[PDB]
């Protein structure tokens, strides 16, 4: 039974023999390396007295993925000051009032706030919504907008489901199949965006008129992951059609950066809402695939396991997500090995570090029992 029911979160590091003190230290140190003054590893930058952002170090921009991740990290760490700085910057610079995506958040901005695009990234929106619910529950809704967290969360999820009913916009979920879309204007998806564990919570906290929908989306996403992951290797493509097969029209049909999050998502869903045979078997497959592979040699792979020459651009993120996956297969043959590999992998330095380090902190939180559901 999941932590949603028991209200107790598995500390997998502790169960695998790491000491409580060393785990506490490592979690704090990971946070400080990302959010404190550690220039080589840092991803969060403060602006003035009321603003802040996470920088995609590779692309030298600010992404809704990173901002929404940062808000989730901040609420898990009980840091309202950081949460509010990030959410303030997001609302000021990213929220769109004009164009076909009005009501959504521009996916990429320059550090000065300028929008690079008026298109959104749905995985940002879903993280914003849950982070905002958790903020409301930990701290209470603020008296002034946009710090009225729960109202902001319900409003955003309203748009995600209903956009286009009274305008030229489009929803972020397909209403017939209940699957999240890659972007609002296409009819394909991205397995790593599927967060059934988030949708379960939306089914409790969203506008009542959408609560049944969110339950259906949770179930649809769970079923979709079964068809999207390769049956032998467990590997999921970055983009996939609704039929589950890879969309490689632009090179996103393989196991690469986006895909890494699938194992992590499966880990967190198992922890929050309970284990399943499918999830344990899926994590065992991914871990088996990587069991004889050295991180320095990690590649892009076809989902059937065939390697490309191209190296993984985010091998530390891959390590972190595979370790986080162990939450879904705690007795798996490679579960301990993956957790140990992650323990022995430092936070990333250099220009590609942002993505790796986001995945790293999520795994540190989840594996230590600190990635929690915050209830009203």
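Positions refer to the first chain, counted from 1.
Of the two stretches examined, 224-232 and 290-298, the record assigns the greater average C-alpha temperature factor to 290-298.
Stretches compared: 121-129, 141-149. Higher mean C-alpha B-factor in the entry: 141-149. Taking only the listed residues 248, 200, 176, 190, the entry reports the highest CA temperature factor at 176.
Taking the deposited Cα B-factors for 269, 243, 306, 210, the highest one is held by 306. Among all modelled residues in its chain, residue 167 ranks in the highest third by Cα B-factor. In this PDB entry, the Cα temperature factor of residue 92 sits in the top third of its chain's modelled residues, the highest group.
In this PDB entry, residue 327 carries a Cα temperature factor that places it within the middle third of its chain's modelled residues. Compared with the other modelled residues of the chain, the Cα B-factor recorded for residue 110 ranks in the highest third. For residue 360, the recorded CA B-factor ranks within the lowest third of the chain. Only modelled residues enter the ranking.
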